[PDB]
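Before any questions on binding or motion, here is one chain by itself as structure tokens, the form deposited in one PDB entry.
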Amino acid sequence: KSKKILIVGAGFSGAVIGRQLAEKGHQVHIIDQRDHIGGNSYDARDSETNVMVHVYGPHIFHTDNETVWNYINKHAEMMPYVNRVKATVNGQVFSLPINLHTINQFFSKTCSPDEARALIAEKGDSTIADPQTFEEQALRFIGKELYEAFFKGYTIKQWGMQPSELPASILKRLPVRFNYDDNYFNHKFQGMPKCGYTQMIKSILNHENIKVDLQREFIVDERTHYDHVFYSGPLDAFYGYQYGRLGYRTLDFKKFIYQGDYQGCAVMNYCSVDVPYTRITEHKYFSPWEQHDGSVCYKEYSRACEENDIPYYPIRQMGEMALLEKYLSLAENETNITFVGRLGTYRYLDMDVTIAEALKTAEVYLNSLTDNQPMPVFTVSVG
């Protein structure tokens, strides 16, 4: 039997869940409160320059998950693109993430890989048994100089907290590289959709069993008209923020246009705390197969997400997780709804991860129909 399915959000989570269910006979209704599909992966062209802008931040696809990679290759033409980030600090321009070139330039050396290991082991404090803070992780592995140049001010700008108050886990993600590889991501598959993500999501959304209504906020009354609801909007919002708002950072993107090449690369970080934006992005460099004389650029600023700002990065410290636990115990009591995605589960999720989880969620739901088991509220852990 064909089921009636409400899906709240037309970003990757809604779109991929909808597509998998559509293809199996169910009637899928996808709503989104914005006037366009795509969620935070949405891109659109700038009128004047015709530059394709990644509206809610640069979005670089990267994955080791070949199943996911083949899936999106069914919906776009993936162009090779290797993200290579630069940084300006101390009157110089460096390569990130920290590599043998960054090391040799910063200390004015011509170390080989093994000489650079010895120079960095010497700067690091191997007396720290198990770093508990971001700061201690930097002192342990990269040393004071590298830390204060590349990480301290930059991290303070992103998080609005001292690094001695942030977990080690943030920097554990980012080892020093003792060769000349300056690819930002190590994933086996990396690229950018030739006609953009909006178009990719449009192809995912393109089926006979899917109706998509925009400018349409979810209404708690609707649930009864459907067999199941998939919700990728904010968890706290669905509960009227009755216990408080989940803490996020937000970003302000300050637009400017330049005639020519403003910086010569897609991403420039500004490591100094005394430079108020975290970075400048030059969006035409995200589509190097195209040529554009005019250029759309953004200065990006980080700050605490207030009531009417878009939530970007979830903060997820003790207070935030105590608040989450309260919404979760409301959530565990529900029937015929599943909360999914970055907003629905209060997790930062890359595009490929979001896709893989959306495929699994559809599969769980389909399996639950044929086994006549109830569909759980979450198909992922958040304890």
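So that there is no doubt, residue numbering starts at 1 and follows the sequence shown. Under this definition, the rigid core comprises the largest set of C-alpha atoms superposing within 1.5 Å between the forms.
As for the form deposited in another entry, it is not shown, yet the points below apply to it.
Comparing forms between this form and the one not shown after core superposition, the one residue of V85, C195, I170, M79 displaced by 2 Å or more at CA: Going through each option, the one that shifts is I170.
Core-superposed comparison between this form and the one not shown, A237 Cα displacement 2 Å or beyond: No, the C-alpha moves less than 2 Å.
Core-aligned C-alpha movement of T127 between this form and the one not shown, 2 Å or more: Yes, because once the rigid core is superposed, the C-alpha of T127 moves 2 Å or more between this form and the one not shown.
CA-CA separation of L174 and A116, closer or farther in that other deposited form than in the form shown [shift of 3 angstroms or more]: Note: Cα gap between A116 and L174 shrinks in that other deposited form.
Distance trend in that other deposited form - C-alpha atoms of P80 and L174, change of 3 Å or more: It is farther: in that other deposited form, the C-alpha atoms of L174 and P80 lie at least 3 Å more apart than they do here.
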